[PDB]
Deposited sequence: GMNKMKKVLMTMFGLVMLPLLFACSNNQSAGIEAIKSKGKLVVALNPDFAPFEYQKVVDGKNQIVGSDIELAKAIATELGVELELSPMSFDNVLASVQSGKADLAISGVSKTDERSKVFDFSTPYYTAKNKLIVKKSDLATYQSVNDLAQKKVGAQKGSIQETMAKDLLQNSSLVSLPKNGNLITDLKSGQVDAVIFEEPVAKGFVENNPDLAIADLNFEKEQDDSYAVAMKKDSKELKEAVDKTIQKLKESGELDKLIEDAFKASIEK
């Protein structure tokens, strides 16, 4: 936190292809990075009395950038995991999600359970816990792991993959803008998937500032409003 205050800016790593949390929106003819995680980042920077600097990158590189010191925080829809918790400090959680499949709409009732994915092609984002889930459970499937979420959506449209695994709000956001797609019936037989801010190990005072901010936004209902606003603003008109 002292290094951050002294340098006058907070550098946040994120991958802006993940509405409602972070995404690109055309504003006045130019793409701008927006979303509920950007509003969370702004609140943290305000708490610390510093400027906010975004560092957009592929999701696969977000955590590594925090680990090496190239960014101060990852605020990028990052799930806590035991493996990650060994290497990173995490904030208190700020969102909890279920995993879903997005499919072509004619396939929404084909996929009920994981067994229905046998002999099918399933995509997930490279570096995500969804990619890990697919690798660990779907031995009878062909797995595609792509750096960019938009490219997973393109592959699902071209019928190059049969399904893509995404957390529910993100899946819903893509369906809003793609009426050729739908959320499948499938559920996974559920540990917690909770989003948190990642930071370097042993950053106690930075964690305090982040957690004070999350606590405030939760108790006021503001965080809920931010996610809803961002979801609405991600729908293309």
Spell out the unmodelled ranges of the deposited sequence for me, N- to C-terminal, numbering from the first residue. 1 to 31, 222
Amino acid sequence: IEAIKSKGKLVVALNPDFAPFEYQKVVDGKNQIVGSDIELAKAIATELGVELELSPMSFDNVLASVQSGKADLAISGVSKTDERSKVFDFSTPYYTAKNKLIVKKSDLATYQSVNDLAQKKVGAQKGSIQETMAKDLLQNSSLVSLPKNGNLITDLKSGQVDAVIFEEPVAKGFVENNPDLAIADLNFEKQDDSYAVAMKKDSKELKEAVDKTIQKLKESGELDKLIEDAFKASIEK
From here on, numbers count along this sequence of modelled residues.
Which is higher in the entry, the mean Cα B factor of 35 to 43 or that of 172 to 180? 172 to 180
Which wins on mean Cα temperature factor, 96 to 104 or 82 to 90? 82 to 90
Which of these has the highest Cα B-factor in the record: 139, 132, 154, 145? 139
Taking the values exactly as deposited, rank residue 15 by C-alpha B-factor within its chain and report the matching third: lowest, middle or highest. lowest
C-alpha B factor of residue 192, ranked within the chain: lowest, middle or highest third? highest
Is residue 27 in the lowest, middle or highest third of its chain when residues are ranked by C-alpha B-factor? highest
Sorting the chain's CA B-factors, does residue 75 end up in the lowest, middle or highest third? lowest
Temperature factor at the Cα of residue 60, chain-ranked in thirds, falls in the middle
